[PDB]
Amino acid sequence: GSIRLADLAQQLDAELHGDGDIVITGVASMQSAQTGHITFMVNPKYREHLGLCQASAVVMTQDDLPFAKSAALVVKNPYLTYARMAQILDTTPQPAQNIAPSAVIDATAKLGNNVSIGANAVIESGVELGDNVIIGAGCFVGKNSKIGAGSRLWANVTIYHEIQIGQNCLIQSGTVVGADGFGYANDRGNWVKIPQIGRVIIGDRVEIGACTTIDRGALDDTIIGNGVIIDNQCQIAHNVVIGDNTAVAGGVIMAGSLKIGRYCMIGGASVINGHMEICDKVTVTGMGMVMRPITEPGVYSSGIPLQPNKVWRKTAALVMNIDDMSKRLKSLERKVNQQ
């Protein structure tokens, strides 16, 4: 945990200005930081405020340095340096340590080295957990699923059967990976279940938020690429494919057989329909209503934002009657054209 400021600077590739023997115990916001804390400045408007910050050290740029009133770590990119130093000084505990006597683990499960399984977690037959995997308390990992080295599940995560998860993933509590996709045939109004015998394949370095659901495929697989980040409360339907490094913010709903490219950014509460493709490098702003394929990179948006309710009532009434407005406009144009 605690680290000499000089050592922290070397690991951050930062230029130290000040006492390298200062001991840093943790990261804090500029407002909250006290002795022993390191903090960071990304906004030069706070230069005049640094004498009010009581951090032992502040990460800043070269242009900021003349304004320091503390030991300073000078870097090109304070925000990225903050992320790195917060990892070095991370106080987040592990989901579990060692193997809980109350865990229920099938004799055929294969564990790598340094695996931890929390209290009352349930591990099915054929499961493989790679080196350094951590399964939180209360999880379920279904038959024959494989979790790659370094991956970690927080408490009360559910992995169904035949799921593959790569290395260095992180899954937050309440998430369900591998439930049945929403597949039914129809025999005269009677829904006939289509067994969902595809899988979910999750790549390396994937982070998934809490209470997110990712359904298994109907025959072929649901696929989440490497480096993807998914927020809370998302729904990823059967046979969705998400390309490497795409980010999906909270509450996004994706319908079946959607394909999303690489380096996409899907804003919170968006709705993305299925059986279509979104190309690489597309940004959908929050609450976007995606009805058609997207074939060019760029930023796309939908939605009519808030108005005072009395105003909204009129806006909505006029929009709902916009066909009459169109007809009146055309009628007027004809009269002005002398026809």
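Numbering starts at 1 and follows the sequence shown. By rigid core we mean the largest C-alpha set that fits within 1.5 Å across both forms.
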Subject >> Higher-deviation segment by CA RMS in 8 other deposited structures of this protein, core fitted, 58-66 or 270-278 >> reply: 58-66
Original post:
Core-aligned, which moves more in 8 other deposited structures of this protein: 202-210 or 68-76, by CA RMS?
Top reply: 68-76
Subject >> Between 98-106 and 198-206 (mean CA B-factor, as deposited), the higher >> reply: 98-106
**OP:** For the higher mean C-alpha B factor in the entry, choose 186-194 or 173-181.
**Re:** 186-194
Original post:
Between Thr246, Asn168, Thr212, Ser257, which one tops the list for C-alpha B-factor in the PDB entry?
Top reply: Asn168
**OP:** Specify which of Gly112, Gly227, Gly250, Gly142 carries the largest Cα B factor in the deposited PDB entry.
**Re:** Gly112
Original post:
If you rank every modelled residue in this chain by C-alpha B factor, which third holds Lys281: lowest, middle or highest?
Top reply: lowest
Subject >> CA B-factor ranking of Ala57, expressed as a third of its chain >> reply: highest
Original post:
Which third of the chain does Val271 land in by C-alpha B-factor: lowest, middle or highest?
Top reply: lowest
**OP:** Please rank the C-alpha B-factors of the chain's modelled residues and tell me whether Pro305 sits in the lowest, middle or highest third.
**Re:** middle
**OP:** Comparing against every modelled residue in the chain, figure out the third that the C-alpha B-factor of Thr81 lands in (lowest, middle or highest).
**Re:** middle
